[PDB]
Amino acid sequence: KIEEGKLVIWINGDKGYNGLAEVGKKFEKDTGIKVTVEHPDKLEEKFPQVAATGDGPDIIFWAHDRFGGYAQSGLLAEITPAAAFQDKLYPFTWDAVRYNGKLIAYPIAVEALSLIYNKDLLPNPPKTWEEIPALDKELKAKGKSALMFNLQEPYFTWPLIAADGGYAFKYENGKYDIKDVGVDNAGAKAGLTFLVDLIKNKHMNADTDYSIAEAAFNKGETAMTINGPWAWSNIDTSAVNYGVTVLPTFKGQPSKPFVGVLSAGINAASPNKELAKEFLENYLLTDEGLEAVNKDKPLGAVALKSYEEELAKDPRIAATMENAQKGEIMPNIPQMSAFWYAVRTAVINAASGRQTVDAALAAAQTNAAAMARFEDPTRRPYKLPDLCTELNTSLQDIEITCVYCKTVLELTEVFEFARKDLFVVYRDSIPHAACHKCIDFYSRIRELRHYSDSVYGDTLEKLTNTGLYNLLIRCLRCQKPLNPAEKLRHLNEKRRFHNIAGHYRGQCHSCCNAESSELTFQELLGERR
């Protein structure tokens, strides 16, 4: 579990964690309480896994969209700010961190993506996405490129995909209606097609990610990038002279970034909830607390009501709020992680020429719908191929982690899992399988600690009131169901079946197949021959 009398804080690696650690230092000086700030990789996925086991940070920082799912799973303490403290922050920021009426996190700041441009290379940045190809040809001639931004996270491609998004029209027998089809609509496919065509025509590279696009822009190699307020401080220290402006329009529509409220939640398992509350309310959410973080990496527009007319004094924050107004606040429904995973796949499959845009966004909608069913134990798939089938994915491409060690199963291990007729297990509505090493290890442990009895094959037929032929018998070492030949080997070679943990187990063909071995070990240690 978590250490009493100490605060552990997780926050994403692109935020001002160094400034946050200075707030923690001030907290220790004033109170004696030690604060440790960390930024684990993929912390938005690691938090519900470790918090489910009563472990993890005392405080987790993330955009508000993930917190609905955490709250639904019981992972967050209810937040109890006094009325006067609540009145310090914009009402809509509290609304972002409300879950079925209850406050589950403290809002910190409002973030949206903007267009960042090198003023020396591009005094007049383009107002439309459609200008960008021509501008890229001109800049290549000068040994530059027009635009580089992180294509790996759908957060960064969302603004363009969403720009012409819309409801779809429905029709039957002379009668028209309007229908919400999620991301499977013509406008979204239009924007995703435009992004793909940028890659097809070599205006962008599908492999570009955060650090590459950042390096390119801050070294003056590309004229434009797309990024949030946190990225300004690295550009500040670079020699680049940059501006921050409205994202380009697409088909005359504004780009529609998803707006995040950076928020701090308190682990439901923390024994330090009152300390966490004191830190968040009375040290971080002060002028000096937010300034220390913002000086490290800019927060965006802070949630404090006092700074409202100070916001537009900074043009970069005015541009942030302009893009924010043109986009939409992210939902915080518990299934937002399913939405994001489905869209991330659609965009990569599209930008890799794997799917058509239309098929990728149509699968995106139905995969998110299916993943939403992971909450229903009566309808969720418990076989790996059924999972694959319901997610429109080849076994060759599925990503699934071991329930024990959380590593992504390699392709060999995914095949074996399906081949051995094992069952998907759900932890907090996330499906898991198991890797080769964990199955083997816990096969061996299961063997010793749960050794009931042993019988010959003909005895087993009596105990089960079934013939050996169809009876499911798993190998005790690798869990593979024995085939009839392997059962026949048991009978002919007179090997028994062993009752391990309430069922009788056998050995497969493969698993079926020391005075000197130990004595070599002593030579390896130089003890004697």
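The first residue of the sequence shown is number 1, and the count goes up from there.
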Of 380-388 and 315-323, the stretch whose C-alpha atoms average the higher B-factor in the entry: 380-388
Per the entry, higher mean C-alpha B factor between 213-221 and 262-270: 213-221
Candidate set 456, 85, 156, 230 [ranked by C-alpha B-factor, highest]: 456
Among 117, 279, 404, 92 - the residue whose C-alpha B-factor is largest in the record: 404
Relative C-alpha B-factor of residue 467, binned into the chain's lowest, middle or highest third: highest
CA B-factor ranking of residue 289, expressed as a third of its chain: lowest
CA B-factor ranking of residue 55, expressed as a third of its chain: highest
Residue 32, C-alpha B-factor rank within chain (lowest, middle or highest third): middle
CA B-factor placement of residue 68, once the chain's modelled residues are sorted into thirds: lowest
